[PDB]
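Presented below is the structure to which this report refers.
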Amino acid sequence: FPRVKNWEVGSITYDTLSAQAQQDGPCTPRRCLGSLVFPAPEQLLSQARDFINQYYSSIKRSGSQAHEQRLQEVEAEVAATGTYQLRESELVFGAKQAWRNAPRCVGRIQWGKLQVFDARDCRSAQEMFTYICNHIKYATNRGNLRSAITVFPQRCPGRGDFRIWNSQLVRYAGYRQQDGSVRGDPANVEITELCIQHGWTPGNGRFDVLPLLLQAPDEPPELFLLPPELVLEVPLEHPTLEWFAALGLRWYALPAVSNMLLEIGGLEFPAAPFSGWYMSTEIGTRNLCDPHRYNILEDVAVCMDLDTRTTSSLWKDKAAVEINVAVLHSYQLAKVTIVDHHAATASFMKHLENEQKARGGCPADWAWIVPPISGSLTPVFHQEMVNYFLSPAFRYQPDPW
Amino acid sequence: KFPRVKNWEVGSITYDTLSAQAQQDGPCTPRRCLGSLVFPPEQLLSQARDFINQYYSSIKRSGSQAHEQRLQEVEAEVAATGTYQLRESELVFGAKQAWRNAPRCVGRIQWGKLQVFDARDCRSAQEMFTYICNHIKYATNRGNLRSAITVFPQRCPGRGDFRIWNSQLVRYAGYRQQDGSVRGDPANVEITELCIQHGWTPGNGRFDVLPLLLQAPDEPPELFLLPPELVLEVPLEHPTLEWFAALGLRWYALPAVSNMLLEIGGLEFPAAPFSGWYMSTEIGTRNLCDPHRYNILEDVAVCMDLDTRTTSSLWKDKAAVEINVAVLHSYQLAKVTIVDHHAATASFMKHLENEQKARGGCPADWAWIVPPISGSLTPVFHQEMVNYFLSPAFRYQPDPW
Ligand code: HEM
Ligand code: HEM
Ligand SMILES: Cc1cc(N)nc(-c2cc(CN(C)C)cc(F)c2F)c1
Ligand SMILES: Cc1cc(N)nc(-c2cc(CN(C)C)cc(F)c2F)c1
Ligand SMILES: C[C@H](O)[C@H](O)[C@H]1CNc2nc(N)[nH]c(=O)c2N1
Ligand SMILES: C[C@H](O)[C@H](O)[C@H]1CNc2nc(N)[nH]c(=O)c2N1
Ligand SMILES: [Cl-]
Ligand SMILES: [Cl-]
Ligand SMILES: [Gd+3]
Ligand SMILES: [Gd+3]
Ligand SMILES: [Gd+3]
Ligand SMILES: [Zn+2]
């Protein structure tokens, strides 16, 4: 078992949980690919049997009558139907484990506090849309955000997939420009083009909320506009730099990932959007300061009267810190849940300790856990981590187009 | 078998064909990634053969004249003596290649400009001290730093090793207390306790330069007071924060690692101190602000009148940036070579493109290349990287006790 050192404290643990890692990752003893972003009945039975084992351990009924009977129930169903159905309590437990197991999520101290909406009876894209609106309404909760997931019907033989084509429920349009630039969010150029191609009349602002493209099985995707009142947003201002408000920047309250696959016990839910709340660096650092995103860093630094002609002034670092301050101030002013990178990483350390006692380790992707600014100022920088895949899990999946 | 690697800023794709040559297995497996961990008889001929082939290809002389001839003499040397000695030019080429191959080094754009001092005819700590002193004075060069490595005699059985006991040639003392805690540098509490144990008169301050412990084969170590005019230091001041000087902070000009083991063509050099020049985050962020190092971050924030009562004021981030400003300002005013993390990472990207063409890839350790502040503000953050082991190499080794 790998030994894991924390260099700030000097302490040492062994990740015995990694030994149970089911699926395989991208590294070998020849070479590490840790930094890469994107790395049959008997085998369904095998995954199902293991998850069922997990569930019955969690309810302190391991090896019980009910446990054996559920094993045989799942075997009979797979033999007879090629698949099987989760009980509602198993789905709730599966969804929480998927969050708990997500190595790149720094917010996992909260994994047990998750609201699971069971939309496995959903029938169409219209019903899907209503479920999604209710998720957004509940999660947003007028700024006091609540973690949630809505699970749409599972992949099953004979029918197509439910799919949300959008990568998040709230996304700003990215318009390819006259001269070749992008107006709005460049991360969303492709989904923006798909939306117009599917009948959306575009806007031309920098913060135009996209419609949803919702796909029912064996159906073309269907365009749905979100009611403006469900989409809570936060104008960005800076507590001391009054000119900052004249940038006209905004961001939305709810981070709701909608393009990932939820796998539980070998069953695959290709549509299962989940939401929590933002860590301020996602917005302040990545969304606003990535060169390939809104790319405001230089314009802010010029306004700050920094010397932008030499890197050694650290104008980039200074302007990025004030952009992050503005995000935190703006969300607190608006009374919208947000966490800074110091508090989030400090809570993730408590998660790693809880997980050490509970399971013998914690799958964690150092390069995603450490924030994109002030890395070594946070405790996770000095924490060695073991990255591996546990199931239940959220997986990436191809775009449906 | 050739890992695809993407740069997410530009969207460009390369393939790392050089990874196919990786000899020494790393710590990662398909089951788990350990990339974030700091520290994870005639086989000598295959390593020697391989390194000689490397030498002659780099000078367009493969399969010709001196190549075969040199292949035979290394065979003969090992057959007769059980080892071999490097040609001077091979020693030069090997040191440069070990630097070039160092995955954690962001400064490898400089890898072709390296001054190699050949101390292979050394004997006794007194002689080492003279070599180390020539190195320091040459490398320092009145602040116009020049990269340099002094190569002490190789290892052979029956005879003990040459070892420099200090991790670096310049280290500040760490003195324990009537209460456990440390005055000075806590990274060096241990070598400070050894020097004191071996007869050194300790100081009282927080920036006392430690003396050297130099070890000849099979002889106990000898203390050596470094010539005080040979240790160039920089008192730290801030361009606009006048009180920053009064904090009494200093750092030394020359980063000279003196505990790593140079391996070329199967031969091992336990004493081969290499030096270059600092990247400013090394001092301003890690050495001064790590909680287990000088841990000055809150002291500067108090002086800046920052709100240390909430993490969301980003007082840690603001103080951090100013400390880094003060390092860059002080070193520039003292006319001592230094490179900020923006310039350094931009040059590393240049290096990768150079190495893609010259060798089909480059071993890079993402967690070490990305700077410890403002990570995603540098281009290397957005570059996927492949980590693997090539020879010749700088390898870690046990403390000589
Ligand atoms: C409650 C507060 C939450 C916080 C503060 C938080 C924080 C984060 C952050 C900062 C990331 C990195 C995203 C990026 O850099 O693009 C992330 C990734 C992730 N989070 Fe969390 N999250 C929260 C809630 C949730 C919930 C409720 C779930 C699922 C039920 C979840 C599952 C995931 C997954 C699967 C990823 C990986 C996404 C990927 O690989 O691209 N998170 N989280
Ligand atoms: C010329 C300017 C140079 C710069 C700016 C530079 C920069 C750096 C930095 C920032 C690190 C990370 C070390 C740490 O965080 O503790 C590093 C590591 C390293 N450097 Fe360079 N370096 C330079 C020259 C050299 C030279 C001349 C050599 C050898 C001949 C070298 C070999 C290494 C090695 C082996 C490591 C890995 C050490 C470790 O893993 O702790 N560097 N370098
Ligand atoms: C539930 C949740 C909470 C949170 N705070 N972030 C995310 C999250 C965000 C992004 C967008 N990035 C460009 C920032 C990408 C992902 F893959 C995520 F998982 C998800
Ligand atoms: C030649 C060279 C140049 C440079 N800029 N740094 C280093 C360097 C520094 C440290 C100390 N760290 C705690 C910061 C550790 C290492 F292993 C290094 F290699 C070496
Ligand atoms: C190429 C590199 O792996 C990539 O930029 C990663 C690094 N770490 C990250 N970490 C988080 N949290 N989010 C990200 O998008 C990334 N991107
Ligand atoms: C645990 C983690 O791997 C460790 O703190 C590493 C991360 N990256 C680093 N990068 C550099 N350049 N130097 C370091 O000491 C470290 N420490
Ligand atoms: Cl986002
Ligand atoms: Cl150092
Ligand atoms: Gd004002
Ligand atoms: Gd303008
Ligand atoms: Gd006062
Ligand atoms: Zn790895």
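Each chain in the structure tokens gets a letter, A, B and so on, in the order shown; residues start at 1 in every chain, and ligands are counted from 1 in the order they appear.
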
**Asked** Neighbours of ligand 12 within 7 Å, counting only C-alpha atoms and all ligand atoms, as a list in words?
**Response** residues 27, 32, 33 and 34 of chain A; 28, 33, 34 and 35 of chain B

**Item:** chain A contacts on chain B, only C-alpha atoms, 7 Å, as a PyMOL selection string
**Value:** chain B and resi 9+19+22+25-37+291-292+311-314+317+321+325+328+340+342-343+366-367+372-376+384-388

Writing out the chosen residues with C-alpha atoms as a CSV table (one decimal), in the first residue's frame:
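Okay, result_30.csv is ready:
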chain,number,residue,atom,x,y,z
B,9,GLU,CA,-4.8,27.2,-24.2
B,19,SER,CA,8.5,8.4,-23.5
B,22,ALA,CA,11.9,5.4,-20.3
B,25,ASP,CA,10.1,2.4,-13.8
B,26,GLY,CA,8.2,5.2,-12.0
B,27,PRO,CA,5.8,4.7,-9.1
B,28,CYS,CA,2.5,4.7,-11.1
B,29,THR,CA,0.4,1.8,-12.2
B,30,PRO,CA,-2.9,1.5,-14.2
B,31,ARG,CA,-4.5,1.0,-10.7
B,32,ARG,CA,-3.3,4.2,-9.1
B,33,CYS,CA,-1.3,7.4,-9.8
B,34,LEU,CA,1.4,8.4,-7.4
B,35,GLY,CA,2.7,11.4,-9.4
B,36,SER,CA,2.2,13.8,-6.4
B,37,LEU,CA,4.6,11.9,-4.2
B,291,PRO,CA,4.0,26.9,7.2
B,292,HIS,CA,6.9,24.6,8.0
B,311,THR,CA,-10.0,33.8,4.8
B,312,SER,CA,-12.2,35.4,2.2
B,313,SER,CA,-10.3,38.7,2.3
B,314,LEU,CA,-7.5,36.8,0.5
B,317,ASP,CA,-2.8,35.8,-1.3
B,321,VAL,CA,2.3,38.5,-3.8
B,325,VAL,CA,7.6,41.4,-5.3
B,328,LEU,CA,12.4,40.2,-7.3
B,340,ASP,CA,10.1,35.4,-12.0
B,342,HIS,CA,6.0,34.1,-15.5
B,343,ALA,CA,9.2,34.5,-17.5
B,366,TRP,CA,3.4,18.9,-13.9
B,367,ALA,CA,3.1,19.4,-10.1
B,372,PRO,CA,3.3,27.6,-6.3
B,373,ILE,CA,1.4,30.9,-6.8
B,374,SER,CA,-0.7,31.9,-9.8
B,375,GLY,CA,-0.5,28.5,-11.3
B,376,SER,CA,-3.2,28.9,-14.0
B,384,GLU,CA,-0.6,18.4,-20.5
B,385,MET,CA,2.8,16.8,-19.6
B,386,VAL,CA,4.3,13.3,-19.6
B,387,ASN,CA,6.5,12.2,-16.7
B,388,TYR,CA,9.1,9.5,-17.1

Could you list, as an mmCIF file with N, CA, C and O atoms, in the first residue's frame, all protein and nucleic acid residues with an atom at most 10 Å from ligand 8, counting only C-alpha atoms and all ligand atoms?
data_model
loop_
_atom_site.group_PDB
_atom_site.id
_atom_site.type_symbol
_atom_site.label_atom_id
_atom_site.label_comp_id
_atom_site.auth_asym_id
_atom_site.auth_seq_id
_atom_site.Cartn_x
_atom_site.Cartn_y
_atom_site.Cartn_z
ATOM 1 N N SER B 167 22.155 19.577 2.276
ATOM 2 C CA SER B 167 21.306 19.487 1.091
ATOM 3 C C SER B 167 21.684 20.530 0.047
ATOM 4 O O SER B 167 21.514 20.297 -1.154
ATOM 5 N N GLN B 168 22.187 21.682 0.484
ATOM 6 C CA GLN B 168 22.656 22.732 -0.407
ATOM 7 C C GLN B 168 23.980 23.260 0.120
ATOM 8 O O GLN B 168 24.382 22.971 1.250
ATOM 9 N N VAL B 170 24.566 26.509 0.497
ATOM 10 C CA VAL B 170 24.166 27.587 1.395
ATOM 11 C C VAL B 170 22.850 27.178 2.050
ATOM 12 O O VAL B 170 21.845 26.963 1.358
ATOM 13 N N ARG B 171 22.866 27.045 3.377
ATOM 14 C CA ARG B 171 21.689 26.725 4.173
ATOM 15 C C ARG B 171 21.736 27.542 5.455
ATOM 16 O O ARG B 171 22.802 27.685 6.067
ATOM 17 N N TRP B 251 17.918 36.465 1.851
ATOM 18 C CA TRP B 251 18.150 35.147 1.273
ATOM 19 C C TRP B 251 19.470 35.175 0.507
ATOM 20 O O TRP B 251 20.037 36.241 0.241
ATOM 21 N N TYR B 252 19.977 33.990 0.174
ATOM 22 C CA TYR B 252 21.270 33.881 -0.490
ATOM 23 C C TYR B 252 21.098 33.792 -2.005
ATOM 24 O O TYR B 252 20.045 33.398 -2.522
ATOM 25 N N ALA B 253 22.160 34.188 -2.715
ATOM 26 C CA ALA B 253 22.108 34.336 -4.164
ATOM 27 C C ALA B 253 22.083 32.989 -4.870
ATOM 28 O O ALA B 253 21.375 32.819 -5.868
ATOM 29 N N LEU B 254 22.840 32.026 -4.366
ATOM 30 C CA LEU B 254 23.164 30.844 -5.151
ATOM 31 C C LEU B 254 22.372 29.633 -4.690
ATOM 32 O O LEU B 254 22.608 29.139 -3.577
ATOM 33 N N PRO B 255 21.440 29.099 -5.502
ATOM 34 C CA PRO B 255 20.846 27.795 -5.189
ATOM 35 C C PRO B 255 21.741 26.689 -5.732
ATOM 36 O O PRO B 255 21.911 26.546 -6.947
ATOM 37 N N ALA B 256 22.365 25.935 -4.819
ATOM 38 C CA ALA B 256 23.342 24.904 -5.165
ATOM 39 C C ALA B 256 22.984 23.621 -4.424
ATOM 40 O O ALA B 256 23.320 23.465 -3.245
ATOM 41 N N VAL B 257 22.321 22.703 -5.121
ATOM 42 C CA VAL B 257 21.893 21.438 -4.537
ATOM 43 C C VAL B 257 23.103 20.530 -4.378
ATOM 44 O O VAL B 257 23.832 20.270 -5.343
ATOM 45 N N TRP B 277 20.405 29.616 -10.881
ATOM 46 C CA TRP B 277 19.933 30.819 -10.208
ATOM 47 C C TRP B 277 18.487 30.585 -9.804
ATOM 48 O O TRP B 277 17.806 29.724 -10.361
ATOM 49 N N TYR B 278 18.034 31.349 -8.813
ATOM 50 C CA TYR B 278 16.708 31.132 -8.259
ATOM 51 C C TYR B 278 15.616 31.576 -9.222
ATOM 52 O O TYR B 278 15.765 32.547 -9.974
ATOM 53 N N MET B 279 14.502 30.845 -9.187
ATOM 54 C CA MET B 279 13.209 31.381 -9.587
ATOM 55 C C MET B 279 12.577 32.042 -8.370
ATOM 56 O O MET B 279 12.626 31.496 -7.261
ATOM 57 N N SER B 280 11.980 33.211 -8.575
ATOM 58 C CA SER B 280 11.623 34.035 -7.422
ATOM 59 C C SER B 280 10.589 33.368 -6.511
ATOM 60 O O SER B 280 10.626 33.587 -5.294
ATOM 61 N N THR B 281 9.668 32.546 -7.050
ATOM 62 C CA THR B 281 8.713 31.912 -6.148
ATOM 63 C C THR B 281 9.407 30.953 -5.185
ATOM 64 O O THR B 281 8.882 30.689 -4.096
ATOM 65 N N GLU B 282 10.565 30.398 -5.566
ATOM 66 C CA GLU B 282 11.239 29.457 -4.678
ATOM 67 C C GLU B 282 11.521 30.084 -3.326
ATOM 68 O O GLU B 282 11.362 29.440 -2.287
ATOM 69 N N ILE B 283 11.943 31.344 -3.334
ATOM 70 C CA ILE B 283 12.255 32.098 -2.126
ATOM 71 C C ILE B 283 11.012 32.764 -1.566
ATOM 72 O O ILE B 283 10.662 32.575 -0.396
ATOM 73 N N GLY B 284 10.348 33.563 -2.412
ATOM 74 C CA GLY B 284 9.237 34.379 -1.956
ATOM 75 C C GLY B 284 8.023 33.577 -1.536
ATOM 76 O O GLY B 284 7.283 33.990 -0.647
ATOM 77 N N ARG B 286 7.866 29.579 -1.322
ATOM 78 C CA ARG B 286 8.085 28.352 -0.554
ATOM 79 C C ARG B 286 8.932 28.589 0.696
ATOM 80 O O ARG B 286 8.514 28.261 1.814
ATOM 81 N N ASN B 287 10.130 29.153 0.516
ATOM 82 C CA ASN B 287 11.086 29.292 1.612
ATOM 83 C C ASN B 287 10.570 30.229 2.689
ATOM 84 O O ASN B 287 10.657 29.922 3.884
ATOM 85 N N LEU B 288 9.980 31.345 2.286
ATOM 86 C CA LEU B 288 9.477 32.308 3.252
ATOM 87 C C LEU B 288 8.042 32.035 3.717
ATOM 88 O O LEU B 288 7.721 32.349 4.868
#

**Request:** Kindly provide, as a list in words, all nucleotide and amino acid residues lying within 12 Å of ligand 10, counting only C-alpha atoms and all ligand atoms.
**Result:**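 Checked against 12 Å with only C-alpha atoms and all ligand atoms; the hits are residues 243, 244, 245, 246, 247, 248, 249, 296, 298, 299, 300, 301, 302 and 303 of chain A.
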
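On the backbone of this structure, DSSP gives strand (DSSP E) within segment 245-293 of chain A to residues 250, 251, 252, 256, 257, 261, 262, 263, 264, 267, 268, 269, 274 and 275 of chain A.
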
Near residue 182 of chain A, counting only C-alpha atoms, which residues have an atom at most 10 Å away, once you skip same-chain residues fewer than 6 positions from it, shown as an mmCIF file with N, CA, C and O atoms, in the first residue's frame?
data_model
loop_
_atom_site.group_PDB
_atom_site.id
_atom_site.type_symbol
_atom_site.label_atom_id
_atom_site.label_comp_id
_atom_site.auth_asym_id
_atom_site.auth_seq_id
_atom_site.Cartn_x
_atom_site.Cartn_y
_atom_site.Cartn_z
ATOM 1 N N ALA A 173 -23.570 32.100 -23.748
ATOM 2 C CA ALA A 173 -23.316 31.967 -25.170
ATOM 3 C C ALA A 173 -21.901 32.394 -25.529
ATOM 4 O O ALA A 173 -21.339 33.318 -24.941
ATOM 5 N N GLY A 174 -21.326 31.695 -26.509
ATOM 6 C CA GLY A 174 -20.076 32.095 -27.127
ATOM 7 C C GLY A 174 -20.263 32.263 -28.613
ATOM 8 O O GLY A 174 -20.448 31.280 -29.342
ATOM 9 N N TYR A 175 -20.257 33.503 -29.081
ATOM 10 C CA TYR A 175 -20.519 33.804 -30.481
ATOM 11 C C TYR A 175 -19.200 34.000 -31.223
ATOM 12 O O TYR A 175 -18.450 34.935 -30.917
ATOM 13 N N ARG A 176 -18.915 33.120 -32.185
ATOM 14 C CA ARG A 176 -17.861 33.392 -33.156
ATOM 15 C C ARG A 176 -18.088 34.768 -33.765
ATOM 16 O O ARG A 176 -19.225 35.178 -34.000
ATOM 17 N N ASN A 188 -17.976 27.788 -24.914
ATOM 18 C CA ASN A 188 -19.333 27.388 -25.275
ATOM 19 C C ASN A 188 -19.663 27.694 -26.733
ATOM 20 O O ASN A 188 -20.843 27.755 -27.107
ATOM 21 N N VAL A 189 -18.643 27.875 -27.573
ATOM 22 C CA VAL A 189 -18.890 28.163 -28.985
ATOM 23 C C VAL A 189 -19.672 27.025 -29.646
ATOM 24 O O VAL A 189 -20.607 27.268 -30.418
ATOM 25 N N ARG A 206 -22.367 39.463 -23.962
ATOM 26 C CA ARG A 206 -21.303 38.626 -23.438
ATOM 27 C C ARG A 206 -21.789 37.607 -22.416
ATOM 28 O O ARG A 206 -21.044 36.690 -22.072
ATOM 29 N N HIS A 292 -8.041 31.604 -22.847
ATOM 30 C CA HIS A 292 -9.026 31.049 -23.759
ATOM 31 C C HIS A 292 -10.443 31.157 -23.211
ATOM 32 O O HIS A 292 -11.360 30.591 -23.795
ATOM 33 N N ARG A 293 -10.645 31.893 -22.130
ATOM 34 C CA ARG A 293 -11.977 32.168 -21.599
ATOM 35 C C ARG A 293 -12.241 33.671 -21.719
ATOM 36 O O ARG A 293 -11.972 34.226 -22.790
ATOM 37 N N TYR A 294 -12.813 34.340 -20.710
ATOM 38 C CA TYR A 294 -13.131 35.759 -20.822
ATOM 39 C C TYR A 294 -11.878 36.629 -20.872
ATOM 40 O O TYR A 294 -11.954 37.750 -21.372
#

**Asked** Do you know which residues are at most 10 Å from residue 250 of chain A counting only C-alpha atoms, after dropping those on the same chain fewer than 3 positions away, and could you put them as a PyMOL selection string?
**Response** chain A and resi 206-207+233-237+245+247+253+283+288+327+330

So that I can see what lies close to residue 263 of chain B, please list as an mmCIF file with C-alpha atoms, in the first residue's frame the residues with an atom at most 6 Å from it, counting only C-alpha atoms and leaving out residues fewer than 5 positions away in the same chain.
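This is the output file out11.cif:
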data_model
loop_
_atom_site.group_PDB
_atom_site.id
_atom_site.type_symbol
_atom_site.label_atom_id
_atom_site.label_comp_id
_atom_site.auth_asym_id
_atom_site.auth_seq_id
_atom_site.Cartn_x
_atom_site.Cartn_y
_atom_site.Cartn_z
ATOM 1 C CA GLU B 268 27.342 7.035 -9.935
ATOM 2 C CA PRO B 392 21.688 10.245 -17.464
ATOM 3 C CA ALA B 393 19.869 11.589 -14.451
#

**Message:** Taking only segment 160-319 of chain A into account, list the residues labelled helix (DSSP H, G or I) by DSSP (computed from the backbone), as a PyMOL selection string.
**Reply:** chain A and resi 186-197+228-230+242-247+280-289+297-303+311-313+315-319

**Item:** Nearby residues, ligand 11, 9 Å, only C-alpha atoms and all ligand atoms, as an MDAnalysis selection string
**Value:** chainID B and resid 303:305

**Request:** Determine, counting only C-alpha atoms, which protein, DNA and RNA residues have an atom within 9 Å of an atom of residue 200 of chain A; residues of the same chain fewer than 4 positions away are not included. Present the result as an MDAnalysis selection string.
**Result:** chainID A and resid 192 194:196 210:211 223 225

**Request:** Counting only C-alpha atoms, figure out which residue out of A:59, A:145, A:400, A:88 gets nearest to residue 216 of chain A.
**Result:**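 For residue 216 of chain A, the nearest of the candidates is A:400.
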
**Message:** So, with only C-alpha atoms as the atoms that count, which of A:127, A:68, A:307, A:185 lies closest to residue 287 of chain A?
**Reply:** A:185

Against ligand 1, which residues of chain A fall within 9 Å? For each one I want the closest pair of atoms and the distance in Å (one decimal), counting only C-alpha atoms and all ligand atoms, rows by chain and increasing residue number, as CSV.
residue,atom,partner,partner_atom_place_in_ligand_line,distance
A:37,CA,ligand 1,40 (O),8.0
A:38,CA,ligand 1,40 (O),8.6
A:95,CA,ligand 1,30 (C),6.7
A:96,CA,ligand 1,30 (C),6.4
A:97,CA,ligand 1,30 (C),8.6
A:98,CA,ligand 1,30 (C),6.9
A:99,CA,ligand 1,29 (C),4.5
A:100,CA,ligand 1,32 (C),8.0
A:101,CA,ligand 1,35 (C),8.3
A:102,CA,ligand 1,35 (C),5.1
A:103,CA,ligand 1,37 (C),7.2
A:104,CA,ligand 1,37 (C),5.0
A:105,CA,ligand 1,43 (N),3.8
A:106,CA,ligand 1,7 (C),5.0
A:107,CA,ligand 1,4 (C),3.8
A:108,CA,ligand 1,21 (Fe),6.7
A:109,CA,ligand 1,1 (C),8.3
A:110,CA,ligand 1,1 (C),6.0
A:111,CA,ligand 1,27 (C),6.9
A:113,CA,ligand 1,27 (C),8.3
A:114,CA,ligand 1,27 (C),6.4
A:115,CA,ligand 1,27 (C),8.6
A:116,CA,ligand 1,30 (C),8.9
A:145,CA,ligand 1,1 (C),8.4
A:146,CA,ligand 1,1 (C),7.3
A:147,CA,ligand 1,27 (C),4.7
A:148,CA,ligand 1,27 (C),5.8
A:149,CA,ligand 1,30 (C),6.0
A:255,CA,ligand 1,24 (C),8.2
A:256,CA,ligand 1,26 (C),8.4
A:257,CA,ligand 1,38 (C),7.8
A:260,CA,ligand 1,35 (C),7.6
A:262,CA,ligand 1,35 (C),8.9
A:273,CA,ligand 1,29 (C),8.3
A:274,CA,ligand 1,30 (C),5.1
A:275,CA,ligand 1,27 (C),4.9
A:276,CA,ligand 1,24 (C),3.8
A:277,CA,ligand 1,2 (C),4.5
A:278,CA,ligand 1,5 (C),5.3
A:279,CA,ligand 1,5 (C),5.1
A:280,CA,ligand 1,10 (C),8.3
A:281,CA,ligand 1,10 (C),7.5
A:282,CA,ligand 1,15 (O),6.0
A:286,CA,ligand 1,15 (O),7.8
A:338,CA,ligand 1,5 (C),7.6
A:339,CA,ligand 1,5 (C),6.4
A:340,CA,ligand 1,5 (C),8.7
A:341,CA,ligand 1,10 (C),8.4
A:344,CA,ligand 1,5 (C),6.6
A:368,CA,ligand 1,12 (C),6.3
A:369,CA,ligand 1,12 (C),7.3
A:371,CA,ligand 1,10 (C),7.9
A:372,CA,ligand 1,15 (O),8.7
A:393,CA,ligand 1,35 (C),7.6
A:394,CA,ligand 1,35 (C),5.1
A:395,CA,ligand 1,35 (C),7.3
A:396,CA,ligand 1,40 (O),7.3

Residues of chain B that have any atom at most 6 Å from an atom of ligand 5: could you tabulate them with the shortest-distance atom pair and the distance in Å to one decimal, using only C-alpha atoms and all ligand atoms, ordered by chain and increasing number, as CSV?
residue,atom,partner,partner_atom_place_in_ligand_line,distance
B:381,CA,ligand 5,5 (O),5.1
B:382,CA,ligand 5,5 (O),3.9
B:383,CA,ligand 5,1 (C),4.6
B:384,CA,ligand 5,1 (C),4.1

Pull N, CA and C atoms from the residues just selected and write them as a short mmCIF file (atom, residue, chain, number, x, y, z; two decimals), in the first residue's frame.
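Final output, selection.cif:
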data_model
loop_
_atom_site.label_atom_id
_atom_site.label_comp_id
_atom_site.auth_asym_id
_atom_site.auth_seq_id
_atom_site.Cartn_x
_atom_site.Cartn_y
_atom_site.Cartn_z
N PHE B 381 0.45 25.55 -16.86
CA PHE B 381 -0.74 24.99 -16.21
C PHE B 381 -1.63 24.31 -17.23
N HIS B 382 -1.76 24.92 -18.40
CA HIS B 382 -2.66 24.53 -19.45
C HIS B 382 -2.04 23.51 -20.39
N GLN B 383 -0.78 23.14 -20.15
CA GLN B 383 -0.07 22.15 -20.96
C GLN B 383 -0.14 20.79 -20.28
N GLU B 384 -0.71 19.81 -20.97
CA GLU B 384 -0.56 18.44 -20.49
C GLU B 384 0.90 18.00 -20.65
#

**Distance of atom CA of residue 101 of chain B from atom CA of residue 391 of chain B, expressed in Å to one decimal place** =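 For atom CA of residue 391 of chain B relative to atom CA of residue 101 of chain B, the distance reads 7.1 Å.
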